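Student: Coordinates only, no sequence provided:
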Ligand SMILES: OC[C@H]1O[C@H](O[C@H]2[C@H](O)[C@@H](O)[C@@H](O)O[C@@H]2CO)[C@H](O)[C@@H](O)[C@@H]1O
Ligand SMILES: N[C@@H](CCC(=O)N[C@@H](CS)C(=O)NCC(=O)O)C(=O)O
């Protein structure tokens, strides 16, 4: 259970959580309600594990891509903004928070990666990925390196993998097809091979993570990095003379970065949905609210039309929207967490030389497709299990699930998740239909 | 997530 008359917010560690807490202080000064902001590790995975048992934050912040899975699991309260509030945010930002025709979260800002470069080490940054090896050889001579970015998260290496034809799923006829997956194609292979070749040629180390790349660029050791708006405030602190520009092209095609919409969703198990709505609509989604988060770690291109009119003057936001128009919006389908686990595995294995590009991507394509196919089976099984009212079959199912041990009894319900059950136990449930 | 009365 979640405490009443108190709001608890969860947001990622790379976002402006101290600035968000400053907005919670204004909320407390005007209403009396205490607001507590937390930034757990792996919060995208913690939220489904705690919100199922009625615990967790009242508000959760993440990009839109994970919200579809939370909505299908019944974890999110359906937000109902009045017509006049909806006109304050850009229409395409509300589309990213729409699942099954319902609005499941409040859009906050649009993010996309950009090429961030150091003007004192490299005033003319490369326009192509292919000229980075020669540039690195020229920079190493001067005691520096060309490029360093997070190689541990597929979000960062995706601009290059999608450049020549890679894609998450086909969005054929206004609906994503979980069968058509563009990870094994020749465009994705061409992209990831280029990346692996940079590492084999010592132009990059496969062990580079977020922190290593952040410190090397901010200390002046590397000429370029690939990061989002949230990173700008730390670069300012380092006093590095930096620019934010277009991501380089690969095989004449532009790098296609994933575009995410930072969203705030209200937990369905929370008794503070009234306070959460008041906080998000009248405190956070205002020029003053967004400015407090943006001053901590930049949001990018905010969803609020009035505050975006001020930020549009910023050439770093122009670079962000330039890269965002060239990339792809993140799909919001519930098997996106399985898609991400697959691409993350293939990228790391190929980068480290543990698998070839063709082998790594074939396994990713195979797993993403299989995990999505099985999840749709579970969604059809769930729809039929809720239409079931025959107390006889319900008792037989309650008994089969009792044998497995995969269940929990609450004051009013007998709970169990179809995802937690063995693929064998699911086949038994089909026989009951 | 399945819940049963
Ligand atoms: O790498 C997979 C990861 O990609 C995206 O996460 C981004 C996020 O959108 C950004 O705001 C920032 O925090 O960097 C993350 C990558 O480190 C997806 O949103 C996420 O679901 C996925 O796991
Ligand atoms: N990317 C948006 C559509 C594009 C949009 O809303 N604005 C700009 C993004 S650069 C655009 O391309 N506008 C096209 C036009 O004004 O004809 C979506 O698919 O939801």
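Tutor: Cool, got the structure. Numbering: from 1, shown residues only, chains lettered A, B, ... in the order given. Ligands and ions are numbered 1, 2, ... in the order given.
Student: name the element the closest residue in space to residue A:40 that isn't next to it in sequence belongs to?
Tutor: With sequence-adjacent residues excluded and distances taken as C-beta to C-beta, 6 or more residues apart in numbering or on different chains, residue A:40 is closest to residue A:46, at 5.4 Å. Where you see a C-beta, it was placed from the backbone N, CA and C, and this is true even at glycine. When elements are defined using DSSP states H and E, residue A:46 is found to belong to helix A:43-51.
Student: Report the angle between the helix or strand following that helix and helix A:43-51.
Tutor: Heading C-terminal from helix A:43-51, the first helix or strand you meet, by DSSP H and E, is strand A:59-63. Interaxial angle, strand A:59-63 versus helix A:43-51 (axes from the mean of the first three to the mean of the last three C-alpha atoms, to 10 degrees): 150 degrees.
Student: Contacts made by the next helix or strand after strand A:59-63 with the rest, please.
Tutor: On the C-terminal side of strand A:59-63, the nearest following helix or strand under DSSP H and E is helix A:67-72. Taking C-beta atoms under 8 Å, 6 or more residues apart in numbering or on different chains as the criterion, the residues outside helix A:67-72 that touch it are A:47-48, A:51, A:60, A:76, A:97, A:99-100, A:102, A:104-105, A:263, A:265, A:331-337, A:379.
Student: Show me what counts as buried in helix A:67-72.
Tutor: Applying a neighbour-count criterion of 16 or more other C-beta atoms under 10 Å in any protein chain shown, one finds A:67, A:68, A:69, A:70, A:71, A:72 buried in helix A:67-72.
Student: go on, stretch A:240-254?
Tutor: Across stretch A:240-254, burial judged by 16+ other C-beta under 10 Å covers A:240, A:242, A:243, A:244, A:245, A:247, A:248, A:249, A:250, A:254.
Student: who's residue A:89 bridged to?
Tutor: With DSSP bridges as the criterion, residue A:89 is bridged to residue A:304.
Student: Can you name the residue of the stretch 51-200 of chain A nearest ligand 2?
Tutor: Among the residues of the stretch 51-200 of chain A, residue A:92 lies closest to ligand 2, at 3.6 Å counting by C-beta to the nearest ligand atom.
Student: That residue and residue A:67, how far apart?
Tutor: Distance from residue A:92 to residue A:67, counting by C-beta to C-beta, to the nearest Å: 16 Å.
Student: Tell me the secondary structure at residue A:8.
Tutor: Of the three states, residue A:8 takes strand under DSSP: H, G, I helix; E, B strand; the rest coil.
Student: give me every residue that touches it.
Tutor: By C-beta under 8 Å, 6+ apart, the neighbours of residue A:8 are A:2, A:36, A:38, A:57, A:58, A:59.
Student: ok, the residue nearest to the fourth one when sequence neighbours are not counted - contacts?
Tutor: This means residue A:57. Leaving out its chain neighbours, the residue that sits closest to residue A:57 by C-beta to C-beta, 6+ apart is residue A:10, at 4.0 Å. Taking C-beta under 8 Å, 6+ apart, we find residue A:10 in contact with A:37, A:38, A:39, A:40, A:43, A:46, A:47, A:56, A:57, A:59, A:60, A:61.
Student: Please name the bridge partners of residue A:10.
Tutor: Partner residues in beta bridges with residue A:10: residue A:38, residue A:60, with DSSP bridges as the criterion.
Student: Could you report the neighbour count for the one residue in the stretch 251-400 of chain A that gets nearest to chain B?
Tutor: Nearest to chain B, among the residues of the stretch 251-400 of chain A, is residue A:385, at 5.8 Å (C-beta to the nearest C-beta). Burial of residue A:385 is recorded as 17 neighbouring residues (other C-beta atoms under 10 Å in any protein chain shown).
Student: again with residue A:310
Tutor: Other residues within reach of residue A:310, judged by other C-beta under 10 Å, total 15.
Student: Repeat that for residue A:359.
Tutor: A count of neighbours around residue A:359, defined by other C-beta under 10 Å, yields 13.
Student: That one sits in which helix or strand?
Tutor: Residue A:359 belongs to helix A:357-387 when assigned by DSSP H and E.
Student: List the buried residues in the helix or strand following that helix.
Tutor: Sequence-wise, the next helix or strand beyond helix A:357-387 is helix A:391-404, with elements assigned using DSSP H and E. The neighbour-count check on helix A:391-404 (16+ other C-beta under 10 Å) flags A:394, A:397, A:401 as buried.
Student: With stretch A:113-121 instead?
Tutor: Using 16+ other C-beta under 10 Å as the burial criterion, the residues of stretch A:113-121 that qualify are A:113, A:114, A:115, A:116, A:117, A:118, A:121.
Student: Contacts only, for the first one.
Tutor: Yep, that's residue A:113 we're talking about. If a contact means C-beta under 8 Å, 6+ apart, then residue A:113 has A:155, A:156, A:159, A:226, A:227, A:228, A:247, A:257, A:258, A:323 as its contacts.
Student: Find the nearest non-adjacent residue to it, please.
Tutor: Nearest non-adjacent residue to residue A:113, counting by C-beta to C-beta, 6+ apart: residue A:257, 4.6 Å away.
Student: Distance of the residue positioned nearest the centre of chain A relative to residue A:111?
Tutor: Per C-alpha atoms, centre = their mean, the C-alpha nearest to the average position across chain A is that of residue A:63, at 4.2 Å. Here the criterion is C-beta to C-beta. By it, residue A:63 lies 7 Å from residue A:111.
Student: Identify the residues contacting residue A:64.
Tutor: Contact analysis of residue A:64 by C-beta under 8 Å, 6+ apart lists A:96, A:97, A:105, A:107, A:260, A:261, A:263, A:330, A:332.
Student: let's go with 6 Å and repeat that
Tutor: Counting by C-beta atoms under 6 Å, 6 or more residues apart in numbering or on different chains, residue A:64 makes contact with A:96, A:97, A:261, A:263, A:332.
Student: Pretty sure the last one sits in a strand.
Tutor: So that's residue A:332. No. The assignment for residue A:332, made by three-state DSSP, is coil rather than a strand.
Student: Next up, phi/psi of it, please.
Tutor: Phi and psi for residue A:332, reported as degrees, to the nearest 10, are phi -110, psi 20.
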